[PDB]
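S.K.: Let me give you the structure first, and then I'll get to my questions.
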Amino acid sequence: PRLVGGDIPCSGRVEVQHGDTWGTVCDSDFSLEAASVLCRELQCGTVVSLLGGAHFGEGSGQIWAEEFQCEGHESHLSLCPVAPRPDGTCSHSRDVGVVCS
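Each position in the sequence shown, counted from 1, maps to that position plus 430 in mature numbering (1 follows the signal peptide of the UniProt record, and there is no 0).
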């Protein structure tokens with residue numbers, strides 16, 4: 431994963447790679463536990479905050495169609511169980527962001 435658009439490396443819009451392309455994550459779909467896994471995986475410590483409403487700017491391109499249903503203690507987002515997001519797609523106006531400690 432990566433965080434993009436922050437003034438420091440450990441804050442920004444969440445983007446996660448699938449194959450050759452990157453996808454953003456809808457703020458209806460991303461829990462504090464998934465954020466905690468992301469912050470750990472990036473060596474940023476722990477989630478302080480989720481930020482909604484394209485706080486760091488909206489992304490472009492794909493938006494993840496599955497939710498990362500993390501328990502919390504996974505070392506990588508890739509080890510979290512996955513599930514479909516609710517009925518429909520989101521706009522990039524809803525891309526989620528994080529501030530890690």
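All C-beta atoms, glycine included, are put in the ideal place defined by N, C-alpha and C.
1) Check the C-beta distance from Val526 over to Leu468 and give it rounded, since I have them as a contact under 8 Å.
2) Please classify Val467: does DSSP put it in a helix, a strand, or coil?
3) Tell me the DSSP bridge mates of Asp525?
4) Since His448 is in the beta strand (DSSP E), which residue starts that stretch and which ends it?
5) Does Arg432 pass the burial test, meaning 16 or more other C-beta atoms within 10 Å, or should it be called exposed?
6) Report buried or exposed for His448, applying the criterion of at least 16 other Cβ atoms within 10 angstroms of its Cβ.
7) Name the DSSP bridge partner or partners of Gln499?
M.R.: A quick look at the data gives this:
1) Contact flag wrong, Cβ pair sits at about 10 Å.
2) helix
3) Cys456
4) 441-448
5) exposed
6) exposed
7) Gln499 is not bridged to any residue.
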